[PDB]
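Q: Let me begin by handing over the structure; questions about it come next.
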Amino acid sequence: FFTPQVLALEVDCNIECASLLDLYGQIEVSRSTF
Amino acid sequence: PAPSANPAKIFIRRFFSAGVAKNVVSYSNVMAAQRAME
């Protein structure tokens, strides 16, 4: 008989261990075994 | 005028590397062009 007020929050609490993928030397490739 | 932001930045991120002075034609093409004059 009592409907709770569904608030709109979503706690996440999850660190992603910040990235290190932009320093490296960069070259796109094609079909494998280059 | 010029937006200076073209969608041709796909290739500098990985596919290419800045400041390297790459050649415009592969050597195989150069030699192929050479003997094609003979």
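Identifiers in the structure tokens: chain A, B, ... in order shown; residue index from 1 per chain; ligand index from 1 in order shown.
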Which residues of chain A are close to chain B, meaning at most 9 Å apart when you count only C-alpha atoms, and how do they look as a JSON list (two decimals) with C-alpha atoms, in the first residue's frame?

A:
```
[["chain", "number", "residue", "atom", "x", "y", "z"],
["A", 25, "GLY", "CA", 54.16, 4.92, -30.70],
["A", 26, "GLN", "CA", 51.21, 4.74, -33.07],
["A", 27, "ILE", "CA", 50.77, 2.75, -36.36],
["A", 28, "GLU", "CA", 47.50, 1.26, -37.75],
["A", 29, "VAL", "CA", 47.93, -2.18, -39.38]]
```

Q: Please, what distance in Å, to one decimal, runs between CA of residue 21 in chain B and CA of residue 24 in chain A?

A: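 Between CA of residue 21 in chain B and CA of residue 24 in chain A the gap works out to 19.9 Å.
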
Q: Mind pulling up the distance from CA of residue 32 in chain A to CA of residue 27 in chain B?

A: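 Taking CA of residue 27 in chain B and CA of residue 32 in chain A, their separation equals 23.2 Å.
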